[PDB]
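Peer 1: Sharing a structure, written as structure tokens. Questions coming.
In structure tokens form, the structure reads like this:
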């Protein structure tokens with residue numbers, strides 16, 4: 464995918480907000496800067512917006528560790 468810095472994830476399922484303090488990110492989407500909130504709700508950019516919301520029922524801190532560095 465695209466292993467980078469910051470705490471990212473890899474949406475396991477699909478969403479459909481697109482822009483509502485939540486996004487329509489689809490499965491495989493990789494959000495950056497994350498942190499559950501008020502329970503099981505995560506934040507982090509994913510497009511022209513910056514830190515909206517994604518269920519802790521719809522995401523997961525990349526179930527695949529390991530990661531290489533660029534240049």
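Numbering (the working numbering), first residue to last: 464 to 534.
Note that beta-carbon positions come from the ideal geometry of N, C-alpha and C, so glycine has one too.
For residue 518, which three-state DSSP category applies?
Peer 2: Residue 518 falls in the strand class under three-state DSSP.
Peer 1: Could you check how far apart the C-beta atoms of residue 496 and residue 508 are, in whole angstroms? I think they sit under 8 Å.
Peer 2: With a Cβ gap of about 6 Å, residue 496 and residue 508 count as contacting.
Peer 1: Which residue's Cα is closest to the Cα of residue 512: 534, 488, 500, 502?
Peer 2: The shortest C-alpha separation from residue 512 is found at 488.
Peer 1: May I ask you to list the residues that DSSP assigns as paired with residue 500?
Peer 2: Its beta-bridge partners are 504.
Peer 1: Would DSSP call residue 495 helix, strand or coil?
Peer 2: Residue 495: strand per DSSP, three-state reduction.
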